[PDB]
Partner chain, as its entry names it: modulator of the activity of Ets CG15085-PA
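Only one chain is given next, in structure tokens, and it is the form solved without its partner chain.
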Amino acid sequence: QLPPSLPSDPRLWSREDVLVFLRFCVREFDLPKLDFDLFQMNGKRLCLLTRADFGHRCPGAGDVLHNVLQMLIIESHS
């Protein structure tokens, strides 16, 4: 149920778009409390984070975030 207000290409996301993406992940995958201050970046930078980087900013569910983001990137490449 990806919010319709998000551009299909994650690299075009603004910082507020990134926030909306993370909120979606949180409620869609029942993730616990996420520290949104650790994701103050636009889509371009978000897509450059490594699995490890997500891991430091979210020890509990970084892999999920990273995986879902990659699927969107792939899904947009086509």
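Positions refer to the first chain, counted from 1.
There is another form of this protein, the form deposited with its partner chain bound, and it is not shown here; the text below is about that form.
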property	result
Residue 19, heavy atom within 4.5 angstroms of its partner chain in the deposited complex	no
4.5 angstroms heavy atom contact with its partner chain in the deposited complex for residue 41	no
Exercise: residue 29 in contact with its partner chain in the deposited complex, heavy atom 4.5 Å	yes
Residue 12: touches its partner chain in the deposited complex, heavy atom cutoff 4.5 angstroms	no
